[PDB]
Structures are given as structure tokens and as C-alpha cells.
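Written out below as C-alpha cells is the structure these notes cover.
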Amino acid sequence: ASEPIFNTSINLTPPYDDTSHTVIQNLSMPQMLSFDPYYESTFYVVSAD
Amino acid sequence: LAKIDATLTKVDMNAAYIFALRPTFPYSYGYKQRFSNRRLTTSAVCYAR
Amino acid sequence: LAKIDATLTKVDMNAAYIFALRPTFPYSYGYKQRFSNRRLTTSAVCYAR
């Protein structure tokens, strides 16, 4: 909704798309670049197979 | 850039409240896969609060 | 630009009739929506009479 008003008549369901019915969204910040606040070490994104 | 045109406060108190205290922040979003013939969302528009 | 090549009338009477009295008027058509992942017609070809 363009404005924060929702009583009964607002249509929050997105028509003609239906993608949101299975995948929600990812609005998160990316993974933290360091898991130690003081000392910097390199970790990797590794493959599974 | 936070202007709400004070004249509005003399004609529409409720609209001024909604515009002043609940900012909208519109954005566009989509998904992308590599080897799928499925059709997913590409340029949907939402409003984050 | 209404030419039907009178020689045809000496070889194919029925084809000449069809071409002369029932013009075709080919055209292309499509549909367009804004926020749908559905795939609709884009460049279909029909013949209006």
C-alpha cells in the first residue's frame, strides 16, 4: 500500500504476479564481512559439491 | 528535502499526520535465476516502513 | 492497389471469387500488462473481414 491505511478495502495482494506466494523477499543486510571485531581474517564462500 | 506544505495542515489534518509520521520510502525489486523457464517478478514496486 | 491479375480468372474462377469479394486485411495484435509475470500474446497475426 502506498499509504499506511488498511481497513478492509485495501488490496494488499499483488495481482497478476503470484510469485510472492512461494518466495517472500530478502531485505536483509549482507553477511558480516568479519566475525571478529578486532582482528581481520579471511573466510570463504565455498561450493557444496 | 522534508517538506509537507504547512498549508495542508489547515485543510487535511489526518493526511498531514499520515504524511508526517509514516514515511513511505518507495522501492523497486525483482528476482533473477539462471537456468529456469519460470517467470518470476522483475520490477515490482513496494513501500518500506 | 486493387489488382487481381485477370489472367487468374481464366485458370481459377473460385480463387478469383474469393480474392475479389472477400478481402483479408491482415494485422498484428498483442496485449500488455504492467506488474504481471503471466505471459500473454505479443505479436499474433489475424485477418479481419
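Simple scheme: letters A, B, ... for chains in C-alpha cells order, numbers from 1 for residues in each chain, numbers from 1 for ligands in the order shown.
Distance criterion 8 Å to chain C, applied with only C-alpha atoms, yields residues 15, 16, 17, 18 and 19 of chain A on chain A.
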**Request:** Mind the document's chain letters and residue numbers, and return as a ChimeraX atom specification the residues of chain B that DSSP labels helix (DSSP H, G or I).
**Result:** /B:6-10,13-21
**Asked** At what distance in Å, to one decimal, does CA of residue 23 (chain B) lie from CA of residue 5 (chain B)?
**Response**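 Distance between the two atoms: 15.0 Å.
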Return as a tab-separated table the residues of chain B lying at most 10 Å from chain C, together with the closest atom-to-atom pair for each and the distance in Å to one decimal, counting only C-alpha atoms, with rows in chain order and ascending residue number.
residue	atom	partner	partner_atom	distance
B:38	CA	C:37	CA	9.1
B:39	CA	C:37	CA	5.6
B:40	CA	C:37	CA	5.9
B:41	CA	C:37	CA	6.1
B:42	CA	C:37	CA	8.1
B:43	CA	C:35	CA	7.5
B:44	CA	C:35	CA	6.4
B:45	CA	C:35	CA	8.7
**Prompt:** In Å to one decimal, how far is CA of residue 4 (chain A) from CA of residue 21 (chain A)?
**Reply:**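 These two atoms are separated by 22.0 Å.
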**Request:** Check chain B with DSSP on the backbone and list each residue it calls strand (DSSP E or B), as a list in words.
**Result:**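 Secondary structure check on chain B, strand (DSSP E or B): residues 26, 27, 28, 29, 44, 45, 46 and 47 of chain B.
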Write to file, as a CSV table (one decimal), in the first residue's frame, the residues of the selection just made, with N, CA, C and O atoms.
chain,number,residue,atom,x,y,z
B,26,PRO,N,9.4,4.5,-1.2
B,26,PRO,CA,9.1,3.5,-2.3
B,26,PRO,C,10.4,2.9,-2.9
B,26,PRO,O,11.5,3.5,-2.9
B,27,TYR,N,10.3,1.7,-3.3
B,27,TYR,CA,11.4,1.0,-3.9
B,27,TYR,C,10.9,-0.1,-4.9
B,27,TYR,O,9.8,-0.5,-4.9
B,28,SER,N,11.8,-0.5,-5.8
B,28,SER,CA,11.5,-1.5,-6.8
B,28,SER,C,12.4,-2.7,-6.5
B,28,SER,O,13.6,-2.6,-6.1
B,29,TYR,N,11.9,-3.9,-6.8
B,29,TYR,CA,12.6,-5.1,-6.5
B,29,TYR,C,12.3,-6.2,-7.6
B,29,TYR,O,11.3,-6.1,-8.3
B,44,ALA,N,8.8,-5.2,-9.6
B,44,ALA,CA,7.7,-4.9,-8.7
B,44,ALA,C,8.0,-3.6,-7.8
B,44,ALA,O,9.2,-3.3,-7.6
B,45,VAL,N,7.0,-3.0,-7.3
B,45,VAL,CA,7.1,-1.7,-6.5
B,45,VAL,C,6.5,-1.9,-5.2
B,45,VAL,O,5.3,-2.4,-5.1
B,46,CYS,N,7.2,-1.6,-4.1
B,46,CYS,CA,6.7,-1.7,-2.8
B,46,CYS,C,7.1,-0.5,-2.0
B,46,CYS,O,7.8,0.4,-2.5
B,47,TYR,N,6.6,-0.4,-0.8
B,47,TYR,CA,6.8,0.8,0.0
B,47,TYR,C,7.2,0.4,1.5
B,47,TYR,O,6.4,-0.2,2.2
**For residue 14 (chain B): contacts at 12 Å, only C-alpha atoms, fewer than 6 positions along chain excluded, given as a ChimeraX atom specification** = /A:4-5 /B:8,20-22
So which residues touch residue 43 (chain A) within 12 Å, counting only C-alpha atoms, skipping near sequence neighbours fewer than 5 positions away, as a CSV table (one decimal) with N, CA, C and O atoms, in the first residue's frame?
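Written output follows (selection_30.csv):
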chain,number,residue,atom,x,y,z
A,31,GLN,N,26.0,-10.7,4.5
A,31,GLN,CA,26.7,-11.3,5.6
A,31,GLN,C,27.8,-10.4,6.1
A,31,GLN,O,28.4,-9.7,5.4
A,32,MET,N,28.0,-10.5,7.4
A,32,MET,CA,29.0,-9.6,8.1
A,32,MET,C,30.4,-10.0,7.5
A,32,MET,O,30.8,-11.1,7.6
A,33,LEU,N,31.1,-9.0,7.1
A,33,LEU,CA,32.4,-9.2,6.5
A,33,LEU,C,33.5,-9.7,7.4
A,33,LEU,O,34.6,-10.2,7.0
A,34,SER,N,33.3,-9.5,8.7
A,34,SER,CA,34.2,-10.0,9.8
A,34,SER,C,33.4,-10.6,10.9
A,34,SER,O,32.4,-10.0,11.4
A,35,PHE,N,33.9,-11.7,11.4
A,35,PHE,CA,33.3,-12.4,12.6
A,35,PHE,C,34.1,-12.1,13.8
A,35,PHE,O,33.8,-12.7,14.9
A,36,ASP,N,35.1,-11.3,13.8
A,36,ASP,CA,35.9,-10.8,14.9
A,36,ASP,C,36.0,-9.3,14.9
A,36,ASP,O,36.5,-8.7,13.9
**Asked** What separation in Å, quoted to one decimal, exists between CA of residue 23 (chain A) and CA of residue 49 (chain B)?
**Response**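 It comes out at 20.2 Å.
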